[PDB]
Amino acid sequence: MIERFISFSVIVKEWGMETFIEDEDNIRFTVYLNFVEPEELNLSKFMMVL
Amino acid sequence: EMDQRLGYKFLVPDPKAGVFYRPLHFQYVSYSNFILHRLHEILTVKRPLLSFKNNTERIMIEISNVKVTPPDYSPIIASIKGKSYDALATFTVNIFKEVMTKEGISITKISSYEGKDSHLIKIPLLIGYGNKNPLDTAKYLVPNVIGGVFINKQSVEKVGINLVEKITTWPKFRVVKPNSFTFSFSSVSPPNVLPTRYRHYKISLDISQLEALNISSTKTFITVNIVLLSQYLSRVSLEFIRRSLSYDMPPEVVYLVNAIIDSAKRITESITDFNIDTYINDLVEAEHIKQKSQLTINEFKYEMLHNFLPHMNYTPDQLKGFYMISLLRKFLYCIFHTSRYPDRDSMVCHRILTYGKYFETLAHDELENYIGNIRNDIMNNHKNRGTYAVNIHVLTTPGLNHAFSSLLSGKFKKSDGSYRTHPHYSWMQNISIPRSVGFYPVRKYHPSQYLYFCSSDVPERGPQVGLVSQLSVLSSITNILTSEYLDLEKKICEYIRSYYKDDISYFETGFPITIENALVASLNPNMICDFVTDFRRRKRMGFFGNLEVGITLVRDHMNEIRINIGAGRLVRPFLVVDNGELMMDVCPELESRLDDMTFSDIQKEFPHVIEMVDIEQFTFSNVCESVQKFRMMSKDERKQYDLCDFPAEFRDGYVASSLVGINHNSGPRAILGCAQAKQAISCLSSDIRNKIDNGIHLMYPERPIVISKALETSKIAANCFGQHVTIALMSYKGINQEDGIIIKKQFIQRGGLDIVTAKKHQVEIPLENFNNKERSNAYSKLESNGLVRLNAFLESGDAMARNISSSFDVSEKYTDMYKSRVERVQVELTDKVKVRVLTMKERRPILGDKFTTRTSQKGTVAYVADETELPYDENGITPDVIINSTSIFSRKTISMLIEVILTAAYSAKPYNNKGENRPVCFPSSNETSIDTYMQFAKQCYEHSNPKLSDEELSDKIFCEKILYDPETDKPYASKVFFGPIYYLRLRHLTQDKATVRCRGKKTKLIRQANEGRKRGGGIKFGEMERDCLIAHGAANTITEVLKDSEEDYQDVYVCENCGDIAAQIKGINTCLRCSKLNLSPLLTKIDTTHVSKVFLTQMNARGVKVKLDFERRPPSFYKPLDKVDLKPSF
Amino acid sequence: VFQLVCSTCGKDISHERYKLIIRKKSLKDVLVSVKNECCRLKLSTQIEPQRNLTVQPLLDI
Ligand SMILES: [Zn+2]
Ligand SMILES: [Zn+2]
C-alpha cells in the first residue's frame, strides 16, 4: 500500500523505502524522500494526505 | 427538601421586585420597554437627507415632540361596542436646509408638520394583568384576569407566540463538497447606533486550492486572503500567525496550518517587492472600477474599511485582526472535529423575540422607508422644479398603521404564525400561547432543548410537528434597556482593564475575551479559571448591577471566554457549588428565615446560594443532577462540579403541570395528555354575560385537590377544569368496549359536568332594507323594531334582523341543528346597520360526547344507564362512570390508580391538624415513593375510623369493594377497583359534527353538490371508495354512483363528424360548423356527465379535436343449446 | 356553592353549605355530620366562580 501510493505520486521527486523489525510486536517502514518545488508546501500536503 | 422550598419561592409573586404574576411577567416588561422607551429613541432622529457643494449645503430632517396616550374606555367597553383598543402617538417633523458658514450655522426652514390633533400613529395596546395597560396607572385590578392579548380593529382578540431570530451567535459550518468547506458569520451594530448596520461574511477553504482561502461578501467587501487581511489589520508576521494557530491544537490540524501559512507566503513572494498596503489598495481600486460607484476612491476605501465589523466599531485594527485569527482557528478545528462544534440546530447559538421586538423591528423598517420616500420626493421636485420643495401627502403618512395592522393579522417578514385570533377553548391558553417558541422550517429532539423547554408538550400531528416548544415553569427570557446595556458594558470593561492590567495582552497563546462577540482582551492561560470564578462571584453580588450576565468558558481546543448581556436569552436559577461545597448546606439561617423572604430578598441577603445561568453557559458546565446524588459523592468527586439542579417537577411547563405522575407512564400518553389538557372545559371568563364572543363554560366547577405547586401559583387550579366523580373499573355487560363509557342518568339530570356553549352572530344591513316595510315565516322571533327578541330561542331557519330587498327576503339564517337562547343584542347605526348577537345553550352529556382523565384515558359516551341498572356497594353507592379496566394495564397508565387512592384518602381526612383544608401534593415527575403514599393513606383512614380490621383497612387503602348485581342482588366473583377521581369534559360534541343531505344547491361550473357543512353541502365520494366498490365486483352500483342524477336527464346530440354538441335551432338539430361546410353528418344522442362536456370543450379550446364513434354491431339470434351435466362419475 | 344536592348520591347538603360558607365554621366541624365520600368531596371542593356585574341594558341601540 505505502509503496504503491508513493510510486505514482505527483508531488514526490525522489524516493526510497526500507523495512525493519523493531521487536517481536512492531514493524517500522522507513521512507526517504525529496519533493518537487515548492518544497515545504508539498511536504505539508504529503504529511496531510498520507 | 430545602431545594423544593427554594424552587417554590420562585413561582410565587414577588412584590418587592414588581412581579405580581410570574408566569407572564417577562412578557409584560417586554412590552413596557417598547411603548415607554424604545419608541422615543427610534422616532427622535436628526439626520441629513441630501448634501451639496462640499459638506456645506445639506438638507436636514428632524423629528421631535413624541407623545403617546391611551384610550378613554375599558377593554370591556371596547368588546361590547365593537371599537378597537389602540394608543395614539403624535410627533412633529421639520425639513430645513443648512449651509455651513464661517460665522457659524445657517438655518433656513423649508417645511414643518405636526400631528397635535390627529391619529398620526395608532399602536395596538396590550391588555396586561388585571385588565391594566402600562400607560394607565390606575388603582383597580379585575380579579382572575391575566391579560396577554390585543384587540384589533374589528374587535377581535389576538394572541401571539415567541419566534427565533434568523441571526445566530456562532459561525455556521457547511461542507460545500468533498474537501471544500465554508464558514459564514454576521456582524451587527450595538443597540445605541441608529440606524443599525449589518454585514454577512463567508470564508471559503478548499484543500485543492490553499491559496484561495478567501473571505468575501456580496457587493460590500473585497475578496482577499484572510491571512493577509489579518497581517494588514494587526501588523504582525506570518510566523506569528503560524505560532498562534498551532499552539494548542492536535497534531493533525497543524499540518493544515502549515500548508495554509506556506501558501500565503508563496502568494507574498510571487509579487515583486511585495507591500501589504499596496496589495489591499490595489484590490480596493479593482473593486471600485468593477463597480460603477460615483464616489471618489478615498470615499469608497474609507467606507469599505471603516465599517468592516459593525459590532466592533470604534476599536483599533489589531483587535479586529486577532478576531479574524480566532475565527480561523475555530474554522480549522470544526473542519477536523465536526461533532464537537455547536451544531446549527443547537439552542446554544440562537436568541428569541418577544412581543416588544416585533414592534421595534417594524418601527425601524417603516421609519427608514418614510425617510427614503421623503428623499426621493425632494430629489424629484428639485429635478423637475426648483427651490427644493417638499411635496405634501408624503410627510404625513409614516406607514406604521398598516404595518401594525398586518402584524396583528399574522404577517411578519417570512413568518406567518406570530399572531392569531385567540381560540377561547381554555382559561390556561392565556398562559400556554404566550410562552411558546417557534422555529423556522430540525424535527428531532435536540439535547440542548432539555431542562429549558417542556419535554412532553409538543404538537403530535400536522405541519407544526416538532417546530413549537414550551418553556419550563422555571425558565424565562431576558430584557434590557439601552442605557442599562451601556452601563453594564462599561462596568465590565472597567473591571477587566483594572484587575488584570498585566495579563490581558497575550494575543498569541491566550484566551480571547469577547463581550457580545467583540474582542476586548486576551488572557494569560494560567489564569483562566480564577478569572471565571472571581467573575461569577462578583456577578452574584450585583457588582455589575445585573444578575443575568452570562459567562462561558470554552476549552475543548477552541479556548475562548464569552460574555453575554444582550436580550432574548434563556435563563434559569441553579444551586451553586463553590470549591466542592454546596452553599445551600452551609447557610443555617436560611432555613429559619425562608418563610418571610421573597426570591429577590434571598438573592440580596444570601448571595452564592442561587445563580441565574443562561443556556450557553449551561451547555459547557458540569452540573450535578440532584442534591441527593450530590450528597452521596466523595469530596474529590464533588470538586469537579459547578452547579446543582433543582427537582424534576420544575422541568415541566404549566400545561404539563396539570397532569399527575407523568413519569410513571409511557411517553406517548404524556404527549396526548398535554394535547388534550388544553381542550378541557373550564371557567373561561368572568365576563360570561358581558363579552360578546364564542366560548364554552363549565357550570358547577370544582377545585382539584391532588395537584402540584405550579398549578396553584399559576391560578390554573383556582379556575377549575373538571369535577370529582365516582368511577368503577369493570366490564358492564360487554357494552363499554374500545374506550366507550357508561354514564349514570341521575348524575346528568342533577347537573353533572354540565356546560354552556356561547356563540356570536354578526350581520350588516343596508339602511333601506332594515327600514323596509314588508310577515314571512322566518320573522317569527322579530319584534316591532326589526330586531330579535330577548330570551327567545332561534331555530334552523330564523333570521335575527329584518332585511328586505326592493319584496324579497334576503336575510341570513341560523343554521344549527339545535336551538339557542338570545342573551345579548348590540346595534350600531350608520350608513349601514351593524347587528351583533350573543346566544347561549346548555348541553348536558349525551351519546357521543367526549371525556378524559388526567392520564390520557379518553372515551365517548356509549350508554346512559339508569341508577337502578348499576352495581352498588354495601353503602348503596353506584358509580357515575364505568370504564373498562383492561386499557389501564395495556397502556401502562399506572399513575391513574395512584391518583384514585390519594383522592380517596383526601376524602377521609381533608384537613390539617389545625383544621385547614389541605391539598395533597402529587407532582408530575413524582420522585416520591409509592410506599410513602400508602402510609399517608393508611394514617388518614386510621384517623377516620379507629376501629377497623386488617382486611377492611387493606381494602380501603387499595380501594377495593364487593359490588352486587342490581338484578339479582348477589355479589360478583371478585372485588372491583372503585373510587373518586377528577374527571374532565372535552369540547368535541356530537351535534357539532352531525351532517345530512337530501337535496340542495349545485356548483355552477360543473353542476355537482356544493361544499360546506354550514351551507348544506354533501359528503365526497373519493376514489379510494371507488376502488373498494370495484373490488366487490359491483359494476352497476359504481356506474350509477358516478353518474348524474337520473332526474337531471335531458336530450343532447353530438355530431359524429367533429364532436360538437349539435345546437337546436327552431326545433331542428343542426351542427353549425359542419353545415357551414356543406356537410350532412349524423347527429346521435349521448348520455354523459356535464363535467365531461366541460372538460372536452376546454380541451377543444387548446386545439385538440376529440371525435367519438358508435358501435353498430350486426344483429344476433338465440339458438337452442344441448344439455351439459358437469358432475363426476360416482 | 350552588347545587342543593350531591350529584353522585342525591343527598341534601344545603344546611352544611350554609354552615360552611356563611358562618365560616371549620371544615372539620362542618363534616362532622357527613358520611358519604362523594358528599365530603363536594362540600370540600365546590366553589362559586368569580364574575363581574352585568352591563345593562341587555338590548342597546
Ligand atoms: Zn359537426
Ligand atoms: Zn353524596
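In what follows, every chain begins at residue 1, and chains take the letters A, B, ... in the order their sequences are listed. For the numbers below, each heavy atom of this structure counts, side chains included, while hydrogens, waters and symmetry mates do not.
- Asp693(B) CG to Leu684(B) CG: the interatomic distance, rounded to the nearest 0.5 Å, is 9.0 Å.
- The environment of CD in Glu1025(B) is crowded: more than 12 heavy-atom neighbours from other residues, nucleotides or ligands sit within 6.0 Å.
- Taking the six-membered ring for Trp and thresholds of 30 and 60 degrees, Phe412(B) and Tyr358(B) have ring planes more than 60 degrees apart, a perpendicular arrangement.
- For the side-chain contact (heavy atoms from CB on, under 4.5 Å) test with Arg821(B), the passing option among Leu838(B), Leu790(B), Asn791(B), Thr839(B) is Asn791(B); the others fail.
- A salt bridge does not link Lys841(B) with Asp816(B): none of the charged nitrogens is closer than 4.0 Å to a carboxylate oxygen.
- Using a cutoff of 4.0 Å between basic side-chain nitrogens and carboxylate oxygens, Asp365(B) and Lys413(B) are scored as salt-bridged.
- Annotation: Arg344(B), atom CZ; neighbour count of heavy atoms from other residues, nucleotides and ligands within 6.0 Å does not exceed 12.
- Contact check on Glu157(B) versus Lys691(B) returns a salt bridge, with a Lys/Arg side-chain nitrogen under 4.0 Å from an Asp/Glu carboxylate oxygen.
- In this structure, a donor-acceptor pair under 3.5 Å is absent between the side chains of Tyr779(B) and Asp798(B).
- Of the possible polar contacts, one joining the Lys1014(B) side chain to the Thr815(B) backbone as a donor-acceptor pair under 3.5 Å is found.
- Atom-to-atom distance recorded for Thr1039(B):OG1 and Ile1030(B):CD1 is 8.5 Å, nearest 0.5 angstrom.
- Ion pairing of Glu842(B) with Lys819(B) is absent here, as no side-chain N (NZ or NE/NH1/NH2) approaches a carboxylate O to less than 4.0 Å.
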Practice prompt. Step by step, work out the side-chain contact (heavy atoms from CB on, under 4.5 Å) result for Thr1084(B) and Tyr1053(B).
Written response: CA-CA 5 Å; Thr1084(B) 306; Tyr1053(B) 286 73; 5.9 Å; no
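- Qualifying salt bridge (charged side-chain N to carboxylate O under 4.0 Å, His left out) partners for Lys122(B), counting only residues two or more places apart in sequence or in other chains: none.
- Using a 4.5 Å cut-off on side-chain heavy atoms (C-beta onward), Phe1110(B) and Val1054(B) make contact.
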Item to complete: Evaluate the criterion salt bridge (charged side-chain N to carboxylate O under 4.0 Å, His left out) for residue pair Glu823(B) and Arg836(B); output intermediate values, then yes/no.
Response: CA-CA 11 Å; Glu823(B) 174 70 3; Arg836(B) 281 135 49 82; over 6 Å; no
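- Environment of OH in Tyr425(B): sparse, with no more than 12 heavy atoms of neighbouring residues, nucleotides or ligands closer than 6.0 Å.
- For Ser409(B), there are no side-chain contact (heavy atoms from CB on, under 4.5 Å) partners, not counting sequence neighbours.
- The CD atom of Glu828(B) lies 10.5 Å from the CD1 atom of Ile61(C); values are rounded to the nearest 0.5 Å.
- The CZ atom of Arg775(B) sits 10.0 Å away from the CG atom of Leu782(B) when rounded to the nearest 0.5 Å.
- Annotation: cation-pi pair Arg1026(B)/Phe1021(B) absent, no NZ/CZ under 6.0 Å from the ring centroid and within 45° of its normal.
- A donor-acceptor pair under 3.5 Å links the side-chain atoms of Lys781(B) to the main chain of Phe793(B), judged by distance alone.
- More than 12 heavy atoms of other residues, nucleotides or ligands shown are found within 6.0 angstrom of OH on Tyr1049(B).
- Counting non-hydrogen atoms of other residues, nucleotides and ligands closer than 6.0 Å to CZ of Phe1095(B) gives a total of 12 or fewer.
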Worksheet item: Can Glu1047(B) and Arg999(B) be said to form a salt bridge (charged side-chain N to carboxylate O under 4.0 Å, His left out), step by step?
Response: CA-CA 12 Å; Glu1047(B) 70 209 35; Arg999(B) 283 185 171 86; 2.8 Å; yes
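- A donor atom on one side chain and an acceptor atom on the other are found under 3.5 Å apart for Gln676(B) and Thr852(B).
- Under a 3.5 Å cut-off, the side chain of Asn1057(B) and the backbone N or O of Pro1081(B) do not form any donor-acceptor pair.
- A salt bridge is defined here as a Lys NZ or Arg NE, NH1 or NH2 lying under 4.0 Å from an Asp or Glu carboxylate O, and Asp992(B) with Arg843(B) meets this definition.
- Note that the CD1 atom of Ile1038(B) and the CG atom of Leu1029(B) stand 5.0 Å from one another [nearest 0.5 Å].
- Few gaps surround CD on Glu1040(B); more than 12 heavy atoms of other groups in view lie less than 6.0 Å from it.
- When side chains are defined from C-beta on, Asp809(B) does not count as touching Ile804(B), because their heavy atoms never get closer than 4.5 Å.
- A distance-only check finds no donor-acceptor pair linking the side chain of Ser415(B) to the backbone of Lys411(B) [under 3.5 Å].
- Contact check on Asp1109(B) versus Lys1107(B) returns a salt bridge, with a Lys/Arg side-chain nitrogen under 4.0 Å from an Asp/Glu carboxylate oxygen.
- No side-chain donor-acceptor contact under 3.5 Å links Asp1048(B) to the backbone of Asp1044(B).
- Taking 4.0 Å as the cut-off between side-chain N and carboxylate O, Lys1085(B) and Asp1051(B) count as a salt-bridged pair.
- Side chain of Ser1092(B) to main chain of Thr1088(B): no donor-acceptor pair is present (N/O by atom type, distance under 3.5 Å, no hydrogens or angles).
- For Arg987(B), the CZ atom sits in a packed shell: over 12 heavy atoms of surrounding residues, nucleotides or ligands are nearer than 6.0 Å.
- Looking at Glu764(B) and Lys832(B), a side-chain N of the basic residue comes within less than 4.0 Å of a carboxylate O on the acidic one, giving a salt bridge.
- Salt bridge status for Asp849(B) with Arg985(B): present, with a side-chain N to carboxylate O gap under 4.0 Å.
- With contacts defined as side-chain heavy-atom distances shorter than 4.5 Å, the pair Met817(B)/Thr995(B) does not qualify.
- Listed for the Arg1007(B) side chain is no donor-acceptor partner under 3.5 Å among the backbone atoms of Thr1089(B).
- Within the model, atoms OH of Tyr863(B) and CG of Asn736(B) stand 12.0 Å from one another, a figure rounded to the nearest 0.5 Å.
- Using modelled atom types, no side-chain atom of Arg891(B) and backbone atom of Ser887(B) make a donor-acceptor pair closer than 3.5 Å.
- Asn1010(B) contributes a side-chain N or O that, together with a main-chain N or O of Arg1015(B), makes up a donor-acceptor pair within less than 3.5 Å.
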